[PDB]
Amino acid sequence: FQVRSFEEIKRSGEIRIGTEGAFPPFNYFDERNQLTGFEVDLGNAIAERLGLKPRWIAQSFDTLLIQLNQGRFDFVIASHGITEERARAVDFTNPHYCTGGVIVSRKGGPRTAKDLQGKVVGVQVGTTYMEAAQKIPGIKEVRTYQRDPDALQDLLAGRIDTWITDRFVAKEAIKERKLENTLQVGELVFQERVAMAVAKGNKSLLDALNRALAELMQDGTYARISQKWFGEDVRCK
């Protein structure tokens, strides 16, 4: 536990990276129990460009920014949307992708924010999806989940009417589980820029991560990794 500058991380030869591991296809443990996903490939490429061995630490999502500030990891890459409140708490890099939150229901279920009046909505705790659900008037209940996939299970089970989540995670879950005929993606409720985070005031590491990200976007690495995971370039445009 310590906030380490880039020079300090450099000499140790290793960088500790905090992530969640329950958010496919961004960061998740695969079927042979190895951490992977778009963010893991990116985090690895960044570490490699900076000459560092990555050490990944997977923790509950809602704990990540707090533990980062306590120095448990040097940076976090775990699909954090930039918000006013979070940007005070931690220092965000330039965004490593752009996305938005979407309504997903069973077929015939709610499609828009207006449709959610009198409805039960499922969201992951500590997320921008939760924050957004709290601002939509007339929702009967906002059920909170430790892990986003547990909200999807409850939607499939009929225990919630609607799951609010990331558009790429919704799209992939439907493909993966062959749910094209059971779920429908509704309105895009908000857009967000998603970024890596450093402990507040760690401007040394912040500069290094920004530099490596910009270098990956220029040299083709970012494109290759985005194409691998999404078949398209998901950078902020």
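Position 1 is the first residue in the sequence shown; the rest follow in order.
Trainee: Report the stretch with the higher mean CA temperature factor, choosing between 54-62 and 173-181 on the basis of the entry.
Mentor: In the deposited entry, the stretch with the higher C-alpha B-factor mean is 173-181.
Trainee: Where do the C-alpha atoms have the higher mean temperature factor in this entry, in 92-100 or in 132-140?
Mentor: On average, C-alpha B-factors are higher across 132-140.
Trainee: Sort 25, 18, 21, 13 by C-alpha B-factor from the entry and give me just the highest.
Mentor: Top of the list by C-alpha B-factor: 13.
Trainee: When you compare the CA B-factors of 164, 125, 76, 157 as listed in the entry, which one comes out on top?
Mentor: Out of 164, 125, 76, 157, the record gives the largest C-alpha B-factor to 157.
Trainee: Using the temperature factors of the C-alpha atoms in this entry, rank residue 70 within its chain: lowest, middle or highest third.
Mentor: CA B-factor rank for residue 70: highest third.
Trainee: For residue 80, return the chain-relative third of its C-alpha B-factor as stated in the PDB record: lowest, middle or highest.
Mentor: Lowest third - that is where residue 80 ends up once the chain's C-alpha B-factors are sorted.
Trainee: If you rank every modelled residue in this chain by C-alpha B factor, which third holds residue 188: lowest, middle or highest?
Mentor: Residue 188: CA B-factor falls in the highest third of its chain.
Trainee: Ranking the modelled residues of this chain by C-alpha B-factor as given in the entry, is residue 9 in the lowest, middle or highest third?
Mentor: Its C-alpha B-factor, which the entry lists for residue 9, ranks in the highest third among residues of this chain.
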